[PDB]
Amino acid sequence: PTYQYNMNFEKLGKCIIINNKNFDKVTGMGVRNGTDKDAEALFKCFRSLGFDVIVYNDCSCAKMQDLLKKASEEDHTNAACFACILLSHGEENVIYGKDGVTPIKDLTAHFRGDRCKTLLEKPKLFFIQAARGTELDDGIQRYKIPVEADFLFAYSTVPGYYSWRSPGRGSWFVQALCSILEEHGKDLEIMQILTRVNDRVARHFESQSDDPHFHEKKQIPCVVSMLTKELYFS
């Protein structure tokens, strides 16, 4: 027999959304057109879920690190969990700030059970919409707890691969995540939701571009769970 995370708290929790769209020339990274659409859609979804959403924009690696560090120092006692969403450029293990790159590990470590006691035994979720490389998927027709426990990372793509988005519709992963959340965010368990998102971007999306190097390409998200209980946003 096994339970669900206790959700009986004054509030669901905070939800830091980092919307990186414009990057310094020095980095040479392009303008992430469509990210605003993503942020708007996410903002609404997580608000509906009951999160206290906040959106930061074009943050430097320093701001992002500071942002999350500060957050980890706030008092989450009356919160059920925590949520952070990263929308930016990225490379394996790293994510882009306005001025450069920072290891995703450093961003999330701030919430280890030993560095944010107020979140111990509470789920800490991180949704990352960013590339993790450039590979393309051609497809085919007396109690103590691990300081590292209760983390869940919902990546848009698999390690080493690219992440797709349309400046019009927005990120595939984000498009998918919002759909399922809107439809089942309040009745399905977190892993069911993310699994349906996996299938969604896997089946209902395919690249399409003038250059054949990037035509009819595919993508599969990646979920990493260190959760110790089932998670229902209610």
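Numbering starts at 1 and follows the sequence shown.
- Item | Deposited residues lacking coordinates between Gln141 and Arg142 (none, 1 to 3, 4 to 9, 10 or more) | Gap between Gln141 and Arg142: 10 or more unmodelled residues.
- Query: Can you tell me which stretch has the higher mean Cα B-factor, 142-150 or 125-133?
  - Reply: Looking at the record's C-alpha B-factors, the answer is 142-150.
- Comparing 210-218 with 16-24, which has the greater mean CA B-factor as deposited? Between 16-24 and 210-218, it is 210-218 that shows the higher mean C-alpha B-factor.
- Task: In terms of CA temperature factor as recorded, identify the highest of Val158, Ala79, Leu87, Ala83.
- Result: Highest C-alpha B-factor among the listed residues goes to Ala79.
- Looking at the entry's B-factor column for C-alpha atoms only, identify whether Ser48 ranks in the lowest, middle or highest third of its chain. Its C-alpha B-factor belongs to the lowest third of this chain's values.
- With respect to C-alpha B-factor, does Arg203 fall in the lowest, middle or highest third of the chain as deposited? Its C-alpha B-factor, which the entry lists for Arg203, ranks in the highest third among residues of this chain.
- Query: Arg165's Cα B-factor: lowest, middle or highest third of the chain?
  - Reply: Its C-alpha B-factor, which the entry lists for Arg165, ranks in the highest third among residues of this chain.
- Taking the entry's C-alpha B-factors for this chain, is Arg115 in the lowest, middle or highest third? Its C-alpha B-factor, which the entry lists for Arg115, ranks in the lowest third among residues of this chain.
- Message: Is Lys70 in the lowest, middle or highest third of its chain when residues are ranked by C-alpha B-factor?
- Response: Its C-alpha B-factor belongs to the middle third of this chain's values.
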